[PDB]
Amino acid sequence: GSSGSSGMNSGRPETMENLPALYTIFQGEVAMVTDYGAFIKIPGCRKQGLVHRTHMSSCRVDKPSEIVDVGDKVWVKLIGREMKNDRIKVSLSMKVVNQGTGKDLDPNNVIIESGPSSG
């Protein structure tokens, strides 16, 4: 059989570190829709993340306010989480996460990084 530990710490309280880990995949619902992205609510958290229009959809995005709507549940993956004593910023992506199963589509996490490219 496979030798290895499964779990030692069961159940977790509500601490400042409620948000998911980096590059973590989860299912959330849209709470706000903007022409520059949409806000998603994470299950078992305190803060919400924003999904830029560029990430809202891989292909060209002209009207992100038509792609999603408050009440719709979709799969998102954390691309960048920053917590400051002055403010907390959370960035989520969808163009790198499926909508039928929620499986990771970009296990590389290179696109999320502002890199050089053609056209």
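A short reminder: the numbers here are calculations on the coordinates, not readings from a lab. Heads up, the Cβs are rebuilt from the backbone with ideal geometry, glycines too, and the neighbour counts pull from every protein chain shown.
Going through segment 75-90 one residue at a time, which ones are touching a residue at least 12 places away in the same chain (Cβ under 8 Å) and of a type in the set (D, E, K, R)?
Within segment 75-90, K77, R81 meet the criteria.
Could you list all residues from segment 39-48 that are out of contact with any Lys or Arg (no Cβ under 8 Å at 6 or more places or on another chain), touching a residue at least 24 places away in the same chain (Cβ under 8 Å) and surrounded by 13 or more Cβ atoms within 10 Å (Cβ to Cβ)?
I40, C45, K47
Could you please give the count of residues in segment 24-46 that are on the phi > 0 side of the Ramachandran plot and in contact with a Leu (Cβ under 6 Å, 6 or more places away or on another chain)?
Adding up the residues that qualify gives 1.
Go through segment 27-38 and report how many residues are of a type in the set (S, T, N, Q) and either without any contact (Cβ under 8 Å) to a residue 12 or more places away in the chain or closer than 14 Å to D69 by Cβ (or both).
Matching residues across segment 27-38 total 1.
Is it the case that segment 68-84 has a residue that's closer than 21 Å to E29 by Cα, of a type in the set (D, E, K, R) and in contact with a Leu (Cβ under 9 Å, 6 or more places away or on another chain)?
yes
So the check is Cβ under 6 Å with 6+ separation or different chains; which pairs have a first residue in segment 1-26 that's over 21 Å from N109 (Cβ atoms) and a second one that's of a type in the set (K, R) and surrounded by 10 or more Cβ atoms within 10 Å (Cβ to Cβ)?
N18/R46
Given the options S65, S93, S57, name the one that is touching a residue at least 24 places away in the same chain (Cβ under 8 Å), in contact with a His (Cβ under 6 Å, 6 or more places away or on another chain), among the hydroxyl-bearing types (S, T, Y) and surrounded by 10 or more Cβ atoms within 10 Å (Cβ to Cβ).
Just a single option satisfies the conditions, and that option is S93.
Only one of (1) at negative phi; (2) of a type in the set (G, A, S); (3) in contact (Cβ under 8 Å) with a residue 40 or more places away in the chain fails for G100. Which number is that?
In the conditions (1) at negative phi; (2) of a type in the set (G, A, S); (3) in contact (Cβ under 8 Å) with a residue 40 or more places away in the chain, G100 misses (3) alone.
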